[PDB]
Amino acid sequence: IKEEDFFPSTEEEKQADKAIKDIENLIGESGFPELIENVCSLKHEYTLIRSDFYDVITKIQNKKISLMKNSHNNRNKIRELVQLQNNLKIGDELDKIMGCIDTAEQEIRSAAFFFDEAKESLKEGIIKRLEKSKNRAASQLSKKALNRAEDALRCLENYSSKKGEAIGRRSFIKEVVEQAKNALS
């Protein structure tokens, strides 16, 4: 027995290890913990624009209604505030943002759990090979290791698509809200 009989030597060991390594490459040194926080700060940043969004909605509707006492005499001023309210019909993308976030937060929890399952199953595979008479059981554990590594990568891939989209939409609606605030006063 020597050191390198303990390293991915079979071909399914090599594949599982390849799949495990580019998980390691995707997360890199800050690992799953950085990827969990990045969602939580997504959520927080959203919550802040959510509340700016409802603040400005209330204020525009109130200024509108005050002016509408004398609707005839201030119709064009009313039409401008109606124009800000049309611009602020963005309820559908706050909902879309909260959907991406719910999905990101679920997929990174699954990705972490799947990552660990892969490492464990590869380790059990290797042990089963080194135990000399169980290479079929070695093979099964090393294939499960790859199938867990692959579940992890797909979970990470959706995490990234959904976090990216939540960011693009967060920035769209922060702009609309900022534009309505600057417009209004």
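When you see a residue number, it is the position in the sequence shown, counting from 1.
In this crystal structure, the stretch out of 105-113 and 71-79 whose C-alpha atoms carry the higher mean B factor is 71-79. The mean Cα B-factor in the deposited entry runs higher for 132-140 than for the other of 132-140 and 150-158. The entry lists a Cα temperature factor for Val39 that places it in the highest third of the chain's modelled residues.
Among the modelled residues of its chain, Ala118 has a C-alpha B-factor that falls in the lowest third, as given in the PDB entry.
Sort the chain's modelled residues by C-alpha temperature factor and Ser66 lands in the middle third, per the entry. For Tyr46, the recorded CA B-factor ranks within the highest third of the chain. Only modelled residues enter the ranking.
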